[PDB]
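Q: How does the following fold in three dimensions:
(8 chains, ligands or ions: 31)
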Amino acid sequence: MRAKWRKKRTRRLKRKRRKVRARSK
Amino acid sequence: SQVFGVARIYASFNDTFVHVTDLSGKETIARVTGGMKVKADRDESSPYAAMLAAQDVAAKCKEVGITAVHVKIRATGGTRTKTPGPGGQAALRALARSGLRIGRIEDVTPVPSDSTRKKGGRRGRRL
Amino acid sequence: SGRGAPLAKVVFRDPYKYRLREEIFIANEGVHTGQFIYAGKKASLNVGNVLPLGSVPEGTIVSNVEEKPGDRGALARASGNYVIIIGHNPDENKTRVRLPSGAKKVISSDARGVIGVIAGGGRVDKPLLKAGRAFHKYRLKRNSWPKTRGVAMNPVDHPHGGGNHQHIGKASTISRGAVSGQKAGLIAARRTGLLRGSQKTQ
Amino acid sequence: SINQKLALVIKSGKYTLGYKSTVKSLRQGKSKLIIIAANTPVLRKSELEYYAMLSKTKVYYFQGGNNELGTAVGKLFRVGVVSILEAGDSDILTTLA
Amino acid sequence: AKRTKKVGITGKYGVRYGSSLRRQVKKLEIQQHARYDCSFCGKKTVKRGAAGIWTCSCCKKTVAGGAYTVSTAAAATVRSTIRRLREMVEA
Amino acid sequence: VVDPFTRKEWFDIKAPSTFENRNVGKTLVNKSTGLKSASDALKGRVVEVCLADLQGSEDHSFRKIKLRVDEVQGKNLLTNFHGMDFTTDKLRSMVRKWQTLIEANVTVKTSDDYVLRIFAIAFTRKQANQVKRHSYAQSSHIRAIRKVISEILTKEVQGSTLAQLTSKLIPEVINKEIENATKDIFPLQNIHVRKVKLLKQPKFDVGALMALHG
Amino acid sequence: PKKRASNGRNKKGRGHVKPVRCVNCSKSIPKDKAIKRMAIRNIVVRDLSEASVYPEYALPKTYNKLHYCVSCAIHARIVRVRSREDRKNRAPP
RNA sequence: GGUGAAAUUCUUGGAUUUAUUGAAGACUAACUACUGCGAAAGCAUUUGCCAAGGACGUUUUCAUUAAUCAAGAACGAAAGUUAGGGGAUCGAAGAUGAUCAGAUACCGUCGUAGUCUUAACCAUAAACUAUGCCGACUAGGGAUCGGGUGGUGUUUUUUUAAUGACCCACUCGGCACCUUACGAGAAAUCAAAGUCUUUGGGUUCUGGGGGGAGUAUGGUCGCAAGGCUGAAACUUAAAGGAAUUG
Ligand SMILES: [Mg+2]
Ligand SMILES: [Mg+2]
Ligand SMILES: [Mg+2]
Ligand SMILES: [Mg+2]
Ligand SMILES: [Mg+2]
Ligand SMILES: [Mg+2]
Ligand SMILES: [Mg+2]
Ligand SMILES: [Mg+2]
Ligand SMILES: [Mg+2]
Ligand SMILES: [Mg+2]
Ligand SMILES: [Mg+2]
Ligand SMILES: [Mg+2]
Ligand SMILES: [Mg+2]
Ligand SMILES: [Mg+2]
Ligand SMILES: [Mg+2]
Ligand SMILES: [Mg+2]
Ligand SMILES: [Mg+2]
Ligand SMILES: [Mg+2]
Ligand SMILES: [Mg+2]
Ligand SMILES: [Mg+2]
Ligand SMILES: [Mg+2]
Ligand SMILES: [Mg+2]
Ligand SMILES: [Mg+2]
Ligand SMILES: [Mg+2]
Ligand SMILES: [Mg+2]
Ligand SMILES: [Mg+2]
Ligand SMILES: [Mg+2]
Ligand SMILES: [Mg+2]
Ligand SMILES: [Mg+2]
Ligand SMILES: [Zn+2]
Ligand SMILES: [Zn+2]
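A: Numbers count the residues shown, from 1 in each chain, chains lettered A, B, ... in the order given. Ligands and ions are numbered 1, 2, ... in the order given. Pasting the structure now:
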């Protein structure tokens, strides 16, 4: 896949990762 | 040497316009040319049709009577293609030869000072 | 008290009696104490003065405009409001202007306005931040606060009253033909919903 | 500009700042010109103009408030009026003003 | 030493009502409270009270103005477009 | 058939004296019925007559010209001036690459209480003894020149009437009194006024408008 | 590797040049890189002159500058893609 | 009307077209170039004001006051965020008309945000010359920008100068281009990417096979979107670069 697409893919992946654990913050 | 009017011609892509009127421009004499005798919706700009309709145009011109007028022909312009169209010249081709004099000629295509950003975005039509 | 914009106590001489008459105007932003006010057709276009809508050019900003000549002022009186003159019909001597609402009305050129914009503008920009602030605000206007949601009452108290759940149970838009005791909600709503897209008047 | 022409008399000649001092000078005739700030009240202004007319003293209205007239003469306080007593080498008394 | 990093005057409201509301209040708060400069005397002696009313400590002068500032943007832009229209009816 | 041919009759214009030839030709507005007719709603137009057709030979064939219909009565609808303009052919033929353009305008008034925005266009001439193919001056000249063109342009439109004004720019010598000053600055070939456009006029003054015929 | 020393066209020492928009697809393109061709075409032309007053007084034409977005220029207009060393030739012909 | 062609669409409401004419916001065409300026971002109508700058010139002044720089700071395209105003244009979203097997698109249409401006943020671009800064040396060539010098050079003719523009030669500093290669390079190519195994002028910064991954973790900045800092377990024999032939 494209580079910038791989960027958005992980940027979103982190937003979810960040969200998923702020639950236990 | 005789009576004058105003040409008012317009050229597009897939359409053409031609119409006479009083020099003042207040009263309009006879205008419709675009897709009158041509009906495919593709041949609206075609030169054969431009002439076939320009015929009835000069027809009405003399139907009520006038000897000549000098053009004001222009292209859509504005922010779209800055250039004459196909059925623009092919009309007066059969209209100047239709037995009527011609004089002072000039373009009236509108053109700005680089503004009113065009359609299609920075990448334009993609094909 | 109970008004957002400040008022201006202006004294004048009585042309028919050695007496002084004190009129009460609405202070247009920029007016000051001891300032001189000129009123009349042949007055100068100076912020503070009051001139007929005929004696001013298009684009002028005026406040406390009269709907009819001499009604002593009826439009653009709330803090920071004004009306702009957008034209004159010297025949029937009308004058078309745009009000704060946005609508454009035409009135006689003899109507009077005051050059400028009403003082105290921007009040609504500050949040109230507490029930007490609004309580004190309405304390001087009227007994219109607080408001009970008609959906929290029993059917005997409101059209939206009742129900095992809090719901209007029927379209909240009411027709203009409605009768007193029925007109509760969005009356004669030509539309409804979150107003999206830009807006201004043509 | 003009501000420089006056800024010369401060370091060159004799002057007096203040409504009271410049009126004793105006009535004594020692003033050849007086500068009045923009924001100086009309009444005070006309009063000074009267004393000036009696002393045949000329006047100049500085286009700028007393705050500007003070920073103009190097002082760190407002100045409602200035009155020159000796323009050491300034051409203010002979310039267009 | 600096007492508050961001509340400023709005600290009186404590922790209630939300950042947004507090911050937006602090802005107009500073405006309606700070001392301004008087046009007729040159001193920084004009303060508010009874919003839309600005008075000078000395020289006892009052001017009608914005609810939280002496002059509101609109008012200023009107002063200008009223000066132009006036300048147009003498010459 | 409706046959608009059987409809209302023609009318004619002619130029203010202000020239050599004046016959415009003819128009057609409406027969003067009497309810809403050709008395109060006609003299609100303009026509595109060129000057080579107006006065002489083609040494005068580039300027466009407007003519605002002022008033009409019987065999009336004689028209005064409304402005002017150049023509695309010549302007686009004057603006050639490898040289700089200079354009300037000013809004001045006459004793004839009309003000107006004038235009001016000048270019750079390559001295007939030079080798450099671009022929460019450099921005002290541009400012100084447009300074002098406004200096001379605003000293001829207010020292006269709109009529004499026309009589002044028709000979076109304005084109070179600009060069009088320019000669000491830069070659400056192809110098013309290139346009005129306007706002208003003092209420009609029919008595003064009738001072252009005989 | 690069395949033009200019790597685009006519631009060294400015960092930026506001762009123009191509006439065919309306796609923007920096002015320094947009290919420019001035179209000067007359109105033509034998009978337009006989049955006419003004026996060929002026004969004016249409003057207009064209800019392409290059891919459109390549599609139709003069690109006529060249060879490695033939492209360095800046002769207009 | 719009296109390759169509269709959604607009037309008793006189549309598309014409004339006169007014409003609003945006933009600066053509002139425009291997042309200028700025630390970079970037900067093109006019005029007035405000301070600011390089090159030149200089038998003026000071006299080592400098070069480059962790930390730290100023600015910093576009989009994006907060509070007003603006909101004409074009226009993520979303809705549609068509095409397609399908078509969340490309083409068409409507149009939200946005696009503009003020106050405050955000600090990232293939922010590119994919090429650190100061110094010195090494090679030929005609253009051009600015300053300068030289002149019984041409033109303005006024009456010839003075001037202005122009020609020619030279010299500083610019933006390039051209030819060569001594020389360099893996090559493409390079007056630096040269004066290196005959290896040392001063100084700053980064890289050490490919993935993992700019991921995890901590710290910190931000309203948020996110920015700076930034691993490892494990996995893998290639991945890459320039050039040749197909
Ligand atoms: Mg893979
Ligand atoms: Mg939880
Ligand atoms: Mg669109
Ligand atoms: Mg293609
Ligand atoms: Mg109550
Ligand atoms: Mg409520
Ligand atoms: Mg409630
Ligand atoms: Mg209950
Ligand atoms: Mg009930
Ligand atoms: Mg009910
Ligand atoms: Mg209920
Ligand atoms: Mg509910
Ligand atoms: Mg490649
Ligand atoms: Mg570029
Ligand atoms: Mg860049
Ligand atoms: Mg321009
Ligand atoms: Mg919008
Ligand atoms: Mg969609
Ligand atoms: Mg579909
Ligand atoms: Mg979608
Ligand atoms: Mg980066
Ligand atoms: Mg680059
Ligand atoms: Mg290089
Ligand atoms: Mg790399
Ligand atoms: Mg980098
Ligand atoms: Mg060399
Ligand atoms: Mg010399
Ligand atoms: Mg080699
Ligand atoms: Mg070699
Ligand atoms: Zn005061
Ligand atoms: Zn294109």
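Q: Give me the contacts around stretch E:68-78.
A: C:29-30, C:47, C:61, C:80, C:82, C:116-117, C:121-122, C:125-126, E:28, E:31-32, E:36, E:46, E:48, E:51, E:54, E:63, E:65-66 (Cβ atoms under 8 Å, 6 or more residues apart in numbering or on different chains). Placement of C-beta: from N, CA and C, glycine included.
Q: Now, of these, which are buried?
A: C:29-30, C:47, C:61, C:80, C:82, C:116-117, C:121-122, C:126, E:28, E:31-32, E:36, E:46, E:48, E:51, E:54, E:63, E:65-66 (16 or more other Cβ atoms under 10 Å in any protein chain shown).
Q: How about the helix or strand residue B:89 falls within and chain G, any contact?
A: Counting by DSSP states H and E, the element that carries residue B:89 is helix B:86-96. Yes: with Cβ under 8 Å from any Cβ of the partner chain as the criterion, chain G is reached by helix B:86-96 at B:89, B:92, B:96.
Q: Would you reformat those residues as TSV and include distance to ligand 7 and neighbour count?
A: TSV is the format used below for the residues of helix B:86-96 next to chain G (distance: Cβ to the ion, whole Å; neighbours: other Cβ atoms under 10 Å in any protein chain shown):
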residue	distance to ligand 7	neighbour count
B:89	73	18
B:92	74	25
B:96	79	22
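Q: Dump those into a markdown table; add distance to residue C:157 as well.
A: Below are the residues of helix B:86-96 next to chain G laid out as a markdown table (distance: Cβ to Cβ, whole Å):
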| residue | distance to residue C:157 |
| --- | --- |
| B:89 | 80 |
| B:92 | 80 |
| B:96 | 85 |
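Q: which ones among those come in contact with ligand 31?
A: Subset of the residues of helix B:86-96 next to chain G in contact with ligand 31: empty, counting by Cβ under 5 Å from the ion.
Q: Return the residues in contact with the residue nearest to residue F:160 when sequence neighbours are not counted.
A: Once flanking residues are discounted, residue F:160 sits nearest to residue F:110: 5.9 Å by Cβ to Cβ, 6 or more residues apart in numbering or on different chains. If you count contacts by Cβ under 8 Å, 6+ apart, residue F:110 has them with F:157, F:158, F:160, F:161, F:162, F:165.
Q: what about the strands in chain B?
A: Counting by DSSP state E, chain B has strands at residues B:9-11, B:16-18, B:20-21, B:28-30, B:74-75.
Q: Let me have those in a markdown table, extended by distance to residue F:209 and mean neighbour count.
A: As requested, the strands of chain B are exported to a markdown table (distance: least, Cβ to Cβ, whole Å; neighbours: other Cβ atoms under 10 Å in any protein chain shown):
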| stretch | distance to residue F:209 | mean neighbour count |
| --- | --- | --- |
| strand B:9-11 | 35 | 25 |
| strand B:16-18 | 37 | 26 |
| strand B:20-21 | 27 | 20 |
| strand B:28-30 | 29 | 17 |
| strand B:74-75 | 34 | 22 |
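Q: between the residues of helix B:86-96 next to chain G, which is nearest residue B:21?
A: Nearest to residue B:21 among the residues of helix B:86-96 next to chain G: residue B:92, at 15.6 Å, using Cβ to Cβ.
Q: Against residue C:42, how distant is the closest one?
A: 61 Å (Cβ to Cβ, to the nearest Å).
Q: How about residue D:8?
A: According to Cβ to Cβ, residue D:8 stands 49 Å off from residue C:42.
Q: With residue F:159 instead?
A: For residue F:159, the distance to residue C:42 equals 35 Å [Cβ to Cβ].
Q: Which residue of the two possesses the greater neighbour count?
A: residue F:159 (12 against 8; other Cβ atoms under 10 Å in any protein chain shown).
Q: Report the separation between residue G:5 and ligand 14.
A: Going from residue G:5 to ligand 14 by Cβ to the ion, to the nearest Å gives 13 Å.
Q: Then residue B:52?
A: Here the criterion is Cβ to the ion. By it, residue B:52 lies 49 Å from ligand 14.
Q: ok, that residue - contacts?
A: Counting by Cβ under 8 Å, 6+ apart, residue B:52 touches B:37, B:38.
Q: One more: residue D:30?
A: Residues near residue D:30 by Cβ under 8 Å, 6+ apart: residue D:85.
Q: so where do the helices sit in chain A?
A: Using DSSP state H, the helices of chain A run over A:3-22.
Q: again with chain C
A: Using DSSP H, the helices found in chain C span residues C:131-139.
Q: Quick check: residues of it near ligand 31?
A: Counting by Cβ under 5 Å from the ion, no residue of chain C is near ligand 31.
Q: how deep is the closest residue to ligand 11 within chain C tucked in, by neighbour count?
A: Closest contact between chain C and ligand 11, by Cβ to the ion, is at residue C:163 (3.7 Å). By other Cβ under 10 Å, the residues close to residue C:163 number 12.
Q: mind listing what it touches?
A: Residue C:163 makes contact with residue C:169 under the criterion Cβ under 8 Å, 6+ apart.
Q: how many neighbours does the residue lying closest to residue B:80 once chain neighbours are set aside have?
A: Distances taken as Cβ to Cβ, 6+ apart put residue B:118 closest to residue B:80, at 7.4 Å, once the chain neighbours are dropped. Using other Cβ under 10 Å, residue B:118 has 17 other residues around it.
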